[PDB]
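> experimental structure below, sequence on top.
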Amino acid sequence: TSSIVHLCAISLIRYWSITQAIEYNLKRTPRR
């Protein structure tokens, strides 16, 4: 299991700069 996490983490960072825009995006809104 721990082997997963591992893989996850790895794949997390690289996949970081996205979340930010996930929702926001999703929404957006703006808001505003």
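The structure has been received and is ready for your questions. Residues are numbered from 1 along each chain as shown.

> what about residue 16, which helix or strand?
Secondary structure assignment for residue 16, by DSSP states H and E: no helix or strand.

> may I ask which helix or strand encompasses residue 24?
Using DSSP H and E, residue 24 sits within helix 20-26.

> how near is the residue positioned nearest the centre of the chain to residue 1?
Nearest to the mean C-alpha position of the chain, by C-alpha atoms, centre = their mean, lies residue 19 at 3.4 Å. For residue 19, the distance to residue 1 equals 23 Å [C-beta to C-beta, to the nearest Å]. Every C-beta, even on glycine, is put in place using the N, C-alpha and C of the backbone.

> look up phi and psi at the residue nearest to the centre of the chain.
phi -50, psi -40 (degrees, to the nearest 10).

> now residue 28
Dihedral pair for residue 28: phi -120, psi 140, per degrees, to the nearest 10.

> on that earlier part again, and the helix holding residue 24, what's buried?
By 16 or more other C-beta atoms under 10 Å, helix 20-26 has no buried positions at all.

> packing partners of that helix?
With contacts defined as 3 or more C-beta pairs under 8 Å, 6 or more residues apart in numbering; DSSP states H and E, helix 20-26 has no helix or strand neighbours.

> CA atoms only for it, dumped as CSV, please.
Provided in CSV are the C-alpha atoms of helix 20-26 (Å, rounded to 0.1, in the frame of the first residue of the first chain):
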residue,chain,number,x,y,z
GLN,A,20,-5.7,25.3,-8.8
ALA,A,21,-7.6,25.5,-11.8
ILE,A,22,-10.0,22.9,-11.4
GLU,A,23,-12.3,24.4,-9.3
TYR,A,24,-11.9,27.9,-9.9
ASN,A,25,-12.3,27.1,-13.1
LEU,A,26,-15.0,25.4,-12.5
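
> many thanks, I have nothing further to ask.
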